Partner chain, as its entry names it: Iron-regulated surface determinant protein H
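In structure tokens, one chain follows: the form solved without the partner chain.
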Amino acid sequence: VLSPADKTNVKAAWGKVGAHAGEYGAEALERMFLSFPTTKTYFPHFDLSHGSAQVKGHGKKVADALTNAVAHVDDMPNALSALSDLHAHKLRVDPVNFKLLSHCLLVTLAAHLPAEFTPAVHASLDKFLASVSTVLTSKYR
């Protein structure tokens, strides 16, 4: 559950991502695939080579979904319903993998936005990504 300060922190920090959406999303994906190679098997037909255009395009999709989640932080089950259909109903992603990607997103943010990545903001971003992960891994229809 996010506090008002959590929501304030997430909106301010994620707002600083801006045009770097696809870049940070693709970097977080690349960090996950390399650090935790078992995550690659959710993408058996992808080109997961370094710098692949497919992973670039996919990181953009992830980042944009997160921007959508940030805009709807009080309405995430409704807002992310189609993404829950995909990840929970069809793909049945193990929630441990959402912890891996969430960590890799925090690593990417810390590496690119050091002034923004304060302990309080780190804490709020972690809770936000945990909340997103719960929505995407739950079958609620």
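Under this definition, the rigid core comprises the largest set of C-alpha atoms superposing within 1.5 Å between the forms. Numbering follows the first chain given and starts at 1.
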Comparing 86-94 to 33-41 by root mean square Cα deviation from the shown form in 6 other deposited structures of this protein, core aligned, the larger deviation is found at 86-94
Do the Cα atoms of 14-22 or of 125-133 sit farther, on average, from the shown structure in 6 other deposited structures of this protein when the rigid core is superposed? 14-22
Would you tell me which stretch averages the higher CA B-factor in the PDB entry, 103-111 or 86-94? 86-94
5-13 versus 18-26: which one carries the higher mean Cα B factor per the record? 18-26
Between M32, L80, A53, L66, which one tops the list for Cα B-factor in this entry? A53
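This next part talks about the form deposited with the partner chain bound, which is not shown.
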Consider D74 of the chain shown here, and say whether it contacts the partner chain in the deposited complex, taking contact as heavy atoms within 4.5 Å. yes
Which residues in 21-47 have a heavy atom within 4.5 Å of the partner chain in the deposited complex? none
